[PDB]
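These notes concern the structure reproduced below.
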Amino acid sequence: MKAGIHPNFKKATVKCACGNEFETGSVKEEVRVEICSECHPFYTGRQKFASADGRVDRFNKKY
Amino acid sequence: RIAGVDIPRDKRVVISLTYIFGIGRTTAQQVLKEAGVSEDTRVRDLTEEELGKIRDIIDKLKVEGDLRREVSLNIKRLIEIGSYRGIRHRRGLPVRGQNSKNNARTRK
Amino acid sequence: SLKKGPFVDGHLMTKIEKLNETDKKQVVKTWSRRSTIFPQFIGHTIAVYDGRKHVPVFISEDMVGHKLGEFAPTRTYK
Amino acid sequence: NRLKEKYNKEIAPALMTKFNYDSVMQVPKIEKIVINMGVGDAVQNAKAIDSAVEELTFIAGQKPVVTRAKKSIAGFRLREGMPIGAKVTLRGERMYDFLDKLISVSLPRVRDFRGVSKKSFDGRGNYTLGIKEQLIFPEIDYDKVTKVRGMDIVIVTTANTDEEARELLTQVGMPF
RNA sequence: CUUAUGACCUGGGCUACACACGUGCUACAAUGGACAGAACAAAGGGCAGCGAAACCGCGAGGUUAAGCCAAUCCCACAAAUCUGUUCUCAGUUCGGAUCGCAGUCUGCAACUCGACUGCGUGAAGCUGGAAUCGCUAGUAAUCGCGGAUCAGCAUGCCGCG
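Chains as they are written, first to last, in my numbering: chain U, 1 to 63; chain Y, 1 to 108; chain C, 1 to 78; chain E, 1 to 176.
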């Protein structure tokens, strides 16, 4: 580190909207996260609990 | 922000959530009424829980990251499926039976 | 587009279900480009009149809800 | 830091049992993350790189380096000597800090996300990623960004084959 | 010609599309737009027809259905207008073009090739060159409303205030 030419680096915790924690550093001090890796559905393993999904080819005129 | 896309911050929330891809005015207003968060708010100075309880309802309806691709897949299905409608889509000619003599500069 | 069922002409039906009942193989003739496709004619082939010539076309699985007139372009271009 | 603790505790033992290494320090290790800015400059405006530099010093923890063009090519009207693109390498606790931000906040915040590419490898255990948006961590002041050119992400490991890097990056946390 | 320039039948075409011309419609906005409320016309049509109220459906419409061969009943809640709230001058709460999805009606049948509804998407266009037209007051300009043609289809026409 040539001092002065780098911005300040310090501990900066994470608050996701779901309330998950992460012991993080950043140039800022605090980050609000709308969606984390435990609730965004692709990193929920595979669509664990975030889904409104499905697709069929339905051919139904029986009413 | 809300669902990926940011929001113009100084306007009313009912006008502001129509900038996202997937809800118009009428569809926005009724989910906003179900949200129950006033429906006459400036989005610049609302609070976080009334900000966040709409996330779950827009998750169970559908927006750009899914509508864009499903309409794309359906329309290329219509393309390579061999339809007259599909080949009109391919060639840029109008689809809803409009006359090509005098108009349709909106396409081509 | 009405919920009393899609509309076809009966005589072409009778031959095509007896066709797919006993022997799926060969082609079926028509002059009527009007019948809505039913999802139980997958895999066959139909010679549809375009107004000038009978044209064969193959029906796949996703060919549902349309009519057989969608695939015999009556007018040509450059 | 947390990732370093997990890598020391569980990641490296699991894979060293999995590849049956005789010497336990034959373990593949992620060596350098380098972030390379590229501007389509060609003498259009000097301030594009003069904005990207302090944008990237906010994205990372320190100042980047303005890359030097090697030779002139007039196919872009690129005269040799005027600056194009920026670069910064990250290592130490800094690399784990950045990968932390990546996995935790960044990729879930992309406008559309499917799984990361299956075979972006070099063939010799290195990986390259291309992202289109500057919106990596949400406390960039998003109103100040004007141009939309995203970032180039290069992770370098001691992996000799593609398979070891492919397997280790899974427990790092890259979706596929 | 009667072994077709005459008949019959099905399907297609009369709706195509690189361009141009004309006639119209609609916009480019705050003398506005959205939302609520308050009103105020004439002139016509209706029996294989108009179809009330009520109920269902967000809506197109659907259901049982009252009355009327009509100065009784129905079509049929006129709109512009006025009052109030909001929007705060932007390609926009302007403009809605074109598309995807789901439907409504009619008709044997809505693909070529109908109209309408709920959706989502949202185009160009921020007053238009050379030119050029109509119009002497209930006129121009705007505002709706009927009728014919008619299974369904009108920005066209005719007429009404």
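No residue lacks a Cβ here, since even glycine has one placed at the ideal position from N, Cα and C.
Buried or exposed by the 16-neighbour rule on C-beta atoms within 10 Å, applied to residue i
i, result
"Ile15(Y)", "exposed"
"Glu5(E)", "exposed"
"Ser23(E)", "exposed"
"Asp97(E)", "buried"
"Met174(E)", "buried"
"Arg109(E)", "buried"
"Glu61(C)", "exposed"
"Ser100(Y)", "exposed"
"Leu56(E)", "buried"
"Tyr77(C)", "exposed"
"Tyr142(E)", "exposed"
"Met25(E)", "exposed"
"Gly4(Y)", "buried"
"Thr22(C)", "exposed"
"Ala3(U)", "exposed"
"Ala86(E)", "buried"
"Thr26(Y)", "exposed"
"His11(C)", "exposed"
"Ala12(E)", "buried"
Cβ-Cβ separation, residue j to residue i (assumed contact under 8 Å), whole Å
i, j, result
"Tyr49(C)", "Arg34(C)", "Not quite, the Cβ-Cβ distance comes to about 11 Å (not below 8 Å), so this is no contact."
"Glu133(E)", "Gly150(E)", "5 Å"
"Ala50(U)", "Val33(U)", "Not a contact, Cβ separation roughly 15 Å."
"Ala52(U)", "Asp59(Y)", "6 Å"
"residue 118(Y)", "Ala35(Y)", "Residue numbering for chain Y in the displayed model covers 1 to 108; residue 118(Y) lies beyond these limits and cannot be assessed."
"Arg85(Y)", "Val95(Y)", "6 Å"
"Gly61(E)", "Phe9(U)", "4 Å"
"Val64(C)", "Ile37(C)", "6 Å"
"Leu3(E)", "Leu99(E)", "7 Å"
"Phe137(E)", "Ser26(U)", "7 Å"
"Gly22(Y)", "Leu67(Y)", "5 Å"
"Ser37(U)", "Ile103(E)", "6 Å"
query = When you check each C-beta in the segment 3-17 of chain Y against every C-beta of chain E, which residues fall closer than 8 Å?
reply = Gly4, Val5, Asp6
message = If the cut-off is 9 Å on Cβ atoms, which residues from the segment 79-105 of chain E count as contacting chain U, listed in chain order?
response = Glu93, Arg94, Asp97, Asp100, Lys101, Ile103, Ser104, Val105
query = What are the residues of the segment 133-152 of chain E that lie near chain U, defined by any Cβ-Cβ distance shorter than 7 Å?
reply = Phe137, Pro138, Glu139
task = Would you mind listing the beta strand (DSSP E) stretches within the segment 21-53 of chain U that are 3+ residues and don't spill past its ends, in chain order?
result = 30-33
task = Residues of the segment 70-83 of chain Y with a CB closer than 8 Å to any CB of chain C: list them in chain order, please.
result = Residues of the segment 70-83 of chain Y with a C-beta less than 8 Å from any C-beta of chain C: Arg77, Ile81, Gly82, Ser83, listed in chain order.
request  = Just list the alpha helix (DSSP H) runs in the segment 4-55 of chain Y, keeping only unbroken ones of 4 residues or longer that don't cross its boundaries, in chain order.
outcome  = 13-16, 25-35
key: Length-filtered (3 minimum) beta strand (DSSP E) runs lying within the segment 46-93 of chain E   = Runs of beta strand (DSSP E) with 3 or more residues, each lying fully within the segment 46-93 of chain E, are found at 86-90, listed in chain order.
ask   = Just checking, does the segment 53-62 of chain U make contact with the segment 25-45 of chain Y on the three C-beta pairs under 8 Å criterion?
value = no
query = Which parts of the segment 113-155 of chain E are runs of the beta strand (DSSP E), unbroken and 3 residues or longer, counting only runs that do not cross its ends?
reply = 127-131
query = Are the segment 152-165 of chain E and the segment 32-40 of chain E touching, with three or more C-beta to C-beta distances below 8 Å?
reply = yes
key: Members of the segment 35-64 of chain Y near chain U, C-beta cut-off 7 Å   = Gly52, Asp59, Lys60, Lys62
message = Against chain E, which members of the segment 2-24 of chain U pass a CB distance test of less than 8 Å?
response = Listed by position, the residues of the segment 2-24 of chain U near chain E (Cβ gap below 8 Å) are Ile5, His6, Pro7, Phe9, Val14, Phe22, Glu23, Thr24.
request  = Examine the Cβ distances between the segment 48-65 of chain E and the segment 85-93 of chain E and report whether three or more of them are shorter than 8 Å.
outcome  = yes
ask   = Going along the segment 10-38 of chain C in order, which residues come within less than 7 Å of chain Y, judged by CB to CB distance?
value = Residues of the segment 10-38 of chain C with a C-beta atom less than 7 Å from some C-beta of chain Y do not occur.
request  = Using a Cβ-Cβ cut-off of less than 7 Å, give me the residues of the segment 84-95 of chain Y that come near chain C, in sequence order.
outcome  = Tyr84, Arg85
key: Cβ contact check for the segment 69-77 of chain C and the segment 50-59 of chain C: 3 or more pairs under 8 Å   = The segment 69-77 of chain C, when compared against the segment 50-59 of chain C, does touch it at the 8 Å Cβ threshold.
message = Under 8 Å, with one C-beta from each stretch per pair, do the segment 13-20 of chain C and the segment 39-47 of chain C reach the 3-pair mark?
response = yes
inquiry  = Would the segment 37-45 of chain E count as touching the segment 75-82 of chain E if we require 3 or more Cβ pairs under 8 Å?
reply    = The answer is yes - the segment 75-82 of chain E touches the segment 37-45 of chain E, with three or more Cβ pairs under 8 Å.
key: 3 or more residues per run - each beta strand (DSSP E) lying fully within the segment 41-74 of chain C   = 45-49, 54-58
Near-chain E residues of the segment 36-56 of chain U - C-beta to any C-beta below 9 Å = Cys36, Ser37, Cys39, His40, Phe42, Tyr43
inquiry  = At a CB distance below 7 Å, what residues from the segment 39-65 of chain E approach chain U? Give them in sequence order.
reply    = So the close ones are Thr57, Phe58, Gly61, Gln62, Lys63.
ask   = Residue ranges of each alpha helix (DSSP H) run of no fewer than 4 residues wholly in the segment 1-41 of chain E, ordered along the chain?
value = 2-6, 12-19
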